[PDB]
file final.cif (mmCIF, C-alpha atoms and all ligand atoms)
data_model
#
loop_
_atom_site.label_atom_id
_atom_site.label_comp_id
_atom_site.auth_asym_id
_atom_site.auth_seq_id
_atom_site.Cartn_x
_atom_site.Cartn_y
_atom_site.Cartn_z
CA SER A 1 72.87 11.29 217.01
CA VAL A 2 73.32 7.54 217.52
CA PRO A 3 74.53 5.02 214.90
CA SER A 4 72.25 2.06 214.27
CA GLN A 5 73.27 -1.32 215.66
CA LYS A 6 70.57 -3.35 213.87
CA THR A 7 71.95 -6.59 212.45
CA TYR A 8 71.44 -6.49 208.68
CA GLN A 9 72.81 -9.18 206.37
CA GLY A 10 71.74 -7.30 203.23
CA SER A 11 71.95 -8.50 199.64
CA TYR A 12 75.37 -10.12 200.10
CA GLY A 13 74.56 -12.12 203.25
CA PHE A 14 77.15 -10.23 205.32
CA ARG A 15 78.00 -11.40 208.85
CA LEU A 16 80.97 -11.65 211.21
CA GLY A 17 82.83 -14.70 212.46
CA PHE A 18 85.15 -15.28 215.40
CA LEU A 19 87.82 -17.83 216.21
CA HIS A 20 87.53 -20.26 219.11
CA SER A 21 90.44 -19.24 221.32
CA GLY A 22 89.27 -20.65 224.67
CA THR A 23 89.44 -19.14 228.14
CA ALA A 24 92.91 -20.00 229.43
CA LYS A 25 94.47 -17.40 231.72
CA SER A 26 97.04 -16.70 228.97
CA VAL A 27 94.60 -15.96 226.13
CA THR A 28 94.86 -12.45 224.66
CA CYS A 29 91.57 -12.31 222.72
CA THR A 30 88.51 -14.53 223.08
CA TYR A 31 84.93 -14.32 221.86
CA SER A 32 81.82 -15.40 223.78
CA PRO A 33 78.93 -16.45 221.52
CA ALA A 34 76.57 -16.65 224.49
CA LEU A 35 77.27 -13.00 225.37
CA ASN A 36 78.06 -11.79 221.81
CA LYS A 37 81.08 -10.24 223.46
CA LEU A 38 84.77 -10.05 222.59
CA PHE A 39 87.25 -9.93 225.48
CA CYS A 40 90.75 -8.73 224.66
CA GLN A 41 93.93 -7.33 226.13
CA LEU A 42 95.09 -3.79 225.44
CA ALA A 43 96.52 -3.26 221.93
CA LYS A 44 96.54 -6.98 221.08
CA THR A 45 95.47 -8.56 217.80
CA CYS A 46 91.71 -9.20 217.51
CA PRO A 47 90.91 -11.32 214.42
CA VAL A 48 87.43 -10.66 213.08
CA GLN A 49 86.20 -12.73 210.14
CA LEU A 50 83.96 -11.34 207.41
CA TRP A 51 81.62 -13.81 205.69
CA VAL A 52 79.32 -13.29 202.69
CA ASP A 53 77.02 -15.43 200.58
CA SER A 54 77.91 -13.54 197.39
CA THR A 55 80.71 -11.22 196.32
CA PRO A 56 80.12 -7.47 196.81
CA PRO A 57 81.10 -5.03 194.04
CA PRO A 58 84.61 -3.62 193.64
CA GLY A 59 84.95 -0.60 195.89
CA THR A 60 82.94 -2.05 198.78
CA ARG A 61 84.46 -1.19 202.18
CA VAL A 62 84.17 -2.40 205.79
CA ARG A 63 84.01 0.16 208.62
CA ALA A 64 84.40 -0.31 212.37
CA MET A 65 83.06 2.13 214.98
CA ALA A 66 82.59 1.95 218.76
CA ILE A 67 79.55 3.23 220.67
CA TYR A 68 78.62 3.04 224.32
CA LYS A 69 76.19 0.21 224.98
CA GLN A 70 74.10 1.92 227.68
CA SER A 71 71.44 4.25 226.30
CA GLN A 72 72.28 7.09 228.69
CA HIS A 73 75.83 7.23 227.25
CA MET A 74 75.17 6.38 223.62
CA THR A 75 75.42 9.97 222.39
CA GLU A 76 78.94 10.32 223.84
CA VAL A 77 81.79 9.75 221.41
CA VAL A 78 83.88 6.71 222.38
CA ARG A 79 87.49 7.88 222.45
CA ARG A 80 90.81 7.09 224.09
CA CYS A 81 91.29 8.37 227.62
CA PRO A 82 93.36 11.45 228.57
CA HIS A 83 96.40 9.26 229.24
CA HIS A 84 96.37 7.00 226.20
CA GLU A 85 95.62 9.77 223.70
CA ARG A 86 98.94 11.34 224.80
CA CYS A 87 101.21 8.29 225.03
CA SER A 88 102.71 8.68 221.52
CA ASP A 89 102.03 5.04 220.57
CA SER A 90 101.12 6.11 217.03
CA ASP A 91 101.44 3.68 214.15
CA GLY A 92 101.80 6.57 211.69
CA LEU A 93 98.20 6.25 210.45
CA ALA A 94 95.72 6.06 213.33
CA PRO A 95 95.02 9.37 215.08
CA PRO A 96 96.10 9.07 218.72
CA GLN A 97 92.49 9.64 219.89
CA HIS A 98 91.03 6.62 218.06
CA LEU A 99 90.15 3.58 220.16
CA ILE A 100 89.97 1.11 217.24
CA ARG A 101 92.88 0.54 214.89
CA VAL A 102 93.29 -1.83 211.97
CA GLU A 103 96.59 -3.69 212.15
CA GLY A 104 98.79 -4.37 209.13
CA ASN A 105 96.76 -2.76 206.33
CA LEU A 106 98.25 0.33 204.70
CA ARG A 107 94.90 1.00 202.97
CA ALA A 108 93.10 1.63 206.27
CA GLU A 109 91.56 5.09 206.52
CA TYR A 110 90.62 6.83 209.74
CA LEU A 111 87.61 9.15 209.86
CA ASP A 112 86.75 11.92 212.30
CA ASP A 113 83.14 12.56 211.32
CA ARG A 114 82.71 16.26 210.60
CA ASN A 115 79.16 16.32 212.02
CA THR A 116 79.07 13.68 214.79
CA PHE A 117 82.78 13.78 215.74
CA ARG A 118 82.71 9.99 215.99
CA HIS A 119 85.76 7.97 215.03
CA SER A 120 85.88 5.05 212.65
CA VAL A 121 88.37 3.02 210.64
CA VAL A 122 87.50 1.69 207.19
CA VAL A 123 89.31 -0.70 204.83
CA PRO A 124 88.67 -1.83 201.24
CA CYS A 125 87.12 -5.26 200.89
CA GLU A 126 89.52 -7.83 199.46
CA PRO A 127 88.66 -11.43 198.55
CA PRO A 128 89.95 -14.29 200.70
CA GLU A 129 93.39 -15.67 199.99
CA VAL A 130 93.37 -18.81 197.85
CA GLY A 131 92.35 -21.71 200.07
CA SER A 132 90.36 -19.56 202.51
CA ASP A 133 86.61 -19.06 202.67
CA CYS A 134 86.49 -15.73 204.52
CA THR A 135 88.51 -12.56 204.94
CA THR A 136 89.97 -11.59 208.33
CA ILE A 137 90.57 -8.06 209.61
CA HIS A 138 92.89 -7.59 212.59
CA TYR A 139 91.69 -4.91 215.01
CA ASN A 140 93.41 -3.42 218.06
CA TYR A 141 91.62 -1.71 220.96
CA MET A 142 93.82 1.02 222.40
CA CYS A 143 92.35 1.64 225.88
CA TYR A 144 91.09 -0.56 228.68
CA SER A 145 87.37 -0.57 229.41
CA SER A 146 88.35 0.72 232.87
CA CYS A 147 90.41 3.73 231.66
CA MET A 148 89.61 6.74 233.82
CA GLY A 149 88.33 9.73 231.89
CA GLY A 150 87.71 7.54 228.83
CA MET A 151 85.47 4.47 228.73
CA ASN A 152 85.57 4.54 232.56
CA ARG A 153 84.10 1.03 233.08
CA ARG A 154 81.25 1.61 230.60
CA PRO A 155 80.65 -1.26 228.15
CA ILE A 156 80.99 -0.54 224.45
CA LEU A 157 79.95 -2.27 221.29
CA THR A 158 81.76 -2.35 217.98
CA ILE A 159 79.53 -1.88 214.93
CA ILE A 160 80.89 -3.33 211.69
CA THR A 161 79.30 -1.97 208.53
CA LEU A 162 79.66 -3.10 204.94
CA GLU A 163 79.43 0.00 202.73
CA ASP A 164 79.41 0.81 199.05
CA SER A 165 81.91 3.24 197.53
CA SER A 166 79.73 6.23 198.55
CA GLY A 167 79.41 5.01 202.12
CA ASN A 168 75.84 3.74 201.78
CA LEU A 169 74.83 0.83 204.01
CA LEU A 170 75.05 -2.70 202.56
CA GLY A 171 75.27 -4.78 205.75
CA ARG A 172 75.77 -4.48 209.49
CA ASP A 173 76.79 -6.65 212.44
CA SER A 174 78.00 -5.86 215.95
CA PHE A 175 79.48 -7.25 219.16
CA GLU A 176 80.15 -6.03 222.68
CA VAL A 177 83.80 -5.48 223.67
CA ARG A 178 85.59 -5.59 227.01
CA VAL A 179 89.27 -4.59 226.96
CA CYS A 180 90.83 -6.04 230.08
CA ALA A 181 93.94 -7.58 231.60
CA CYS A 182 92.59 -11.17 231.77
CA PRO A 183 90.11 -11.86 228.94
CA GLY A 184 90.00 -15.60 229.66
CA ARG A 185 88.99 -15.19 233.29
CA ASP A 186 86.55 -12.38 232.55
CA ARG A 187 84.84 -14.40 229.83
CA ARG A 188 84.49 -17.35 232.22
CA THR A 189 83.13 -15.06 234.95
CA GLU A 190 80.57 -13.33 232.76
CA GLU A 191 79.43 -16.59 231.16
CA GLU A 192 78.91 -18.06 234.64
CA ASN A 193 76.94 -14.98 235.72
CA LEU A 194 74.76 -15.42 232.63
CA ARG A 195 74.20 -19.11 233.37
CA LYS A 196 73.21 -18.38 236.98
CA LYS A 197 70.89 -15.55 235.87
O1 LIG B 1 84.34 -15.23 198.11
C1 LIG B 1 84.59 -14.06 197.59
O2 LIG B 1 84.77 -13.88 196.39
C2 LIG B 1 84.64 -12.93 198.56
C3 LIG B 1 84.88 -11.64 198.08
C4 LIG B 1 84.92 -10.57 198.95
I1 LIG B 1 85.34 -8.66 198.11
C5 LIG B 1 84.73 -10.81 200.32
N1 LIG B 1 84.71 -9.77 201.30
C6 LIG B 1 85.83 -9.16 201.82
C7 LIG B 1 85.41 -8.34 202.81
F1 LIG B 1 86.19 -7.55 203.58
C8 LIG B 1 84.03 -8.43 202.91
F2 LIG B 1 83.26 -7.77 203.79
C9 LIG B 1 83.59 -9.31 201.96
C10 LIG B 1 84.50 -12.12 200.87
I2 LIG B 1 84.36 -12.54 202.94
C11 LIG B 1 84.44 -13.17 199.94
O3 LIG B 1 84.18 -14.43 200.39
ZN ZN B 2 93.18 4.58 228.22
#
call {"tool": "encode", "arguments": {"input": "final.cif", "output": "structure tokens", "more": "lines below"}}
Ligand SMILES: O=C(O)c1cc(I)c(-n2cc(F)c(F)c2)c(I)c1O
Ligand SMILES: [Zn+2]
result
Amino acid sequence: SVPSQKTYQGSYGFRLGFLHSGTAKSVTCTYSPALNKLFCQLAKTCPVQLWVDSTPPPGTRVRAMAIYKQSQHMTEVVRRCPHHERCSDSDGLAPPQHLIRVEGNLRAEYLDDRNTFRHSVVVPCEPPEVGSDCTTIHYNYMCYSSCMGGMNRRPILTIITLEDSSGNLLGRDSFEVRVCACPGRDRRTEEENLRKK
């Protein structure tokens, strides 16, 4: 089984947005539009904006899930490596095996799928604060892309789904993720490789 990654705005015009954080050596999270790829440091805040054209019903939720990007690995569950799943860095809510956490939301729920064994984290949709035009979720990625015995240098993508109260699909978007020590340099490197190619 493999979750769909097809971009789908749906009835509410759902799509993601990312800040413009630049590529300085010191940056902890930065998004490349040209690569549709987020680069971030281990366990650091990753702001992801949610945008809609119209308001979804009460009880709508937003779920995040990681899959391997390469087809020959896509059936493998993305999980934390043998070291990080045992490092007792729990926040009291996320299971220690889950790669993706939501930061600072006590309503986050973590799912181990009973049939696929895949991990996901889902939060209730809330309207923007007064004066804002979108809602931001803060994610953390809890292993490096390079972690031996886990991602092991394989690229992943995060799939963000808008769901109704039963879990039915209302919208979908996605982005590649690299968790690395120097997101600014790696974004510059990969963007240059893309330009030369
Ligand atoms: O303008 C509004 O009234 C409005 C209401 C909602 I509920 C959301 N919303 C929150 C999410 F997590 C999500 F996926 C969509 C947004 I973004 C809005 O702009
Ligand atoms: Zn790890």
call {"tool": "residues_around", "arguments": {"input": "final.cif", "residues": "residue 31 of chain A", "least_positions_apart": "2", "cutoff": "8 Å", "atoms": "only C-alpha atoms", "output": "ChimeraX atom specification"}}
result
/A:18-21,29,33,36-39,187
call {"tool": "closest_residue", "arguments": {"input": "final.cif", "among": "A:66, A:148, A:194, A:122", "to": "residue 2 of chain A", "atoms": "only C-alpha atoms"}}
result
A:66
call {"tool": "closest_residue", "arguments": {"input": "final.cif", "among": "A:95, A:127, A:171, A:82", "to": "ligand ZN 2 (chain B)", "atoms": "all atoms listed in the file"}}
result
A:82
call {"tool": "residues_near_ligand", "arguments": {"input": "final.cif", "ligand": "ligand ZN 2 (chain B)", "cutoff": "9 Å", "atoms": "all atoms listed in the file", "output": "list in words"}}
result
residues 79, 80, 81, 82, 83, 84, 85, 99, 142, 143, 144, 145, 146, 147, 148, 149, 150, 151 and 152 of chain A
call {"tool": "closest_residue", "arguments": {"input": "final.cif", "among": "A:71, A:41, A:132, A:120", "to": "residue 100 of chain A", "atoms": "only C-alpha atoms"}}
result
A:120
call {"tool": "residues_around", "arguments": {"input": "final.cif", "residues": "residue 123 of chain A", "least_positions_apart": "2", "cutoff": "12 Å", "atoms": "all atoms listed in the file", "output": "mmCIF file with C-alpha atoms, keeping the file's coordinate frame"}}
result
data_model
loop_
_atom_site.group_PDB
_atom_site.id
_atom_site.type_symbol
_atom_site.label_atom_id
_atom_site.label_comp_id
_atom_site.auth_asym_id
_atom_site.auth_seq_id
_atom_site.Cartn_x
_atom_site.Cartn_y
_atom_site.Cartn_z
ATOM 1 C CA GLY A 59 84.950 -0.600 195.890
ATOM 2 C CA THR A 60 82.940 -2.050 198.780
ATOM 3 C CA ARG A 61 84.460 -1.190 202.180
ATOM 4 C CA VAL A 62 84.170 -2.400 205.790
ATOM 5 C CA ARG A 63 84.010 0.160 208.620
ATOM 6 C CA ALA A 64 84.400 -0.310 212.370
ATOM 7 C CA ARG A 101 92.880 0.540 214.890
ATOM 8 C CA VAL A 102 93.290 -1.830 211.970
ATOM 9 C CA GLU A 103 96.590 -3.690 212.150
ATOM 10 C CA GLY A 104 98.790 -4.370 209.130
ATOM 11 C CA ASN A 105 96.760 -2.760 206.330
ATOM 12 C CA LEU A 106 98.250 0.330 204.700
ATOM 13 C CA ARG A 107 94.900 1.000 202.970
ATOM 14 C CA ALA A 108 93.100 1.630 206.270
ATOM 15 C CA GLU A 109 91.560 5.090 206.520
ATOM 16 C CA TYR A 110 90.620 6.830 209.740
ATOM 17 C CA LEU A 111 87.610 9.150 209.860
ATOM 18 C CA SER A 120 85.880 5.050 212.650
ATOM 19 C CA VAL A 121 88.370 3.020 210.640
ATOM 20 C CA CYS A 125 87.120 -5.260 200.890
ATOM 21 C CA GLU A 126 89.520 -7.830 199.460
ATOM 22 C CA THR A 135 88.510 -12.560 204.940
ATOM 23 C CA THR A 136 89.970 -11.590 208.330
ATOM 24 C CA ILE A 137 90.570 -8.060 209.610
ATOM 25 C CA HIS A 138 92.890 -7.590 212.590
ATOM 26 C CA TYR A 139 91.690 -4.910 215.010
ATOM 27 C CA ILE A 160 80.890 -3.330 211.690
ATOM 28 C CA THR A 161 79.300 -1.970 208.530
ATOM 29 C CA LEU A 162 79.660 -3.100 204.940
ATOM 30 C CA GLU A 163 79.430 0.000 202.730
ATOM 31 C CA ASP A 164 79.410 0.810 199.050
ATOM 32 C CA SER A 165 81.910 3.240 197.530
ATOM 33 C CA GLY A 167 79.410 5.010 202.120
#
call {"tool": "closest_residue", "arguments": {"input": "final.cif", "among": "A:93, A:159, A:52, A:180", "to": "ligand LIG 1 (chain B)", "atoms": "only C-alpha atoms and all ligand atoms"}}
result
A:52
call {"tool": "closest_residue", "arguments": {"input": "final.cif", "among": "A:50, A:74, A:94, A:169", "to": "ligand LIG 1 (chain B)", "atoms": "all atoms listed in the file"}}
result
A:50
call {"tool": "residues_around", "arguments": {"input": "final.cif", "residues": "residue 157 of chain A", "least_positions_apart": "6", "cutoff": "8 Å", "atoms": "only C-alpha atoms", "output": "VMD selection string"}}
result
chain A and resid 66 to 69 174 to 177
call {"tool": "write_last_selection", "arguments": {"input": "final.cif", "atoms": "C-alpha atoms", "output": "short mmCIF file (atom, residue, chain, number, x, y, z; two decimals), keeping the file's coordinate frame"}}
result
data_model
loop_
_atom_site.label_atom_id
_atom_site.label_comp_id
_atom_site.auth_asym_id
_atom_site.auth_seq_id
_atom_site.Cartn_x
_atom_site.Cartn_y
_atom_site.Cartn_z
CA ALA A 66 82.59 1.95 218.76
CA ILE A 67 79.55 3.23 220.67
CA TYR A 68 78.62 3.04 224.32
CA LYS A 69 76.19 0.21 224.98
CA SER A 174 78.00 -5.86 215.95
CA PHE A 175 79.48 -7.25 219.16
CA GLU A 176 80.15 -6.03 222.68
CA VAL A 177 83.80 -5.48 223.67
#
call {"tool": "atom_distance", "arguments": {"input": "final.cif", "atom1": "atom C1 of ligand LIG 1 (chain B)", "atom2": "atom CA of residue 51 of chain A"}}
result
8.6 Å
call {"tool": "atom_distance", "arguments": {"input": "final.cif", "atom1": "atom CA of residue 9 of chain A", "atom2": "atom CA of residue 173 of chain A"}}
result
7.7 Å
call {"tool": "closest_residue", "arguments": {"input": "final.cif", "among": "A:178, A:172, A:119, A:44", "to": "ligand LIG 1 (chain B)", "atoms": "all atoms listed in the file"}}
result
A:172
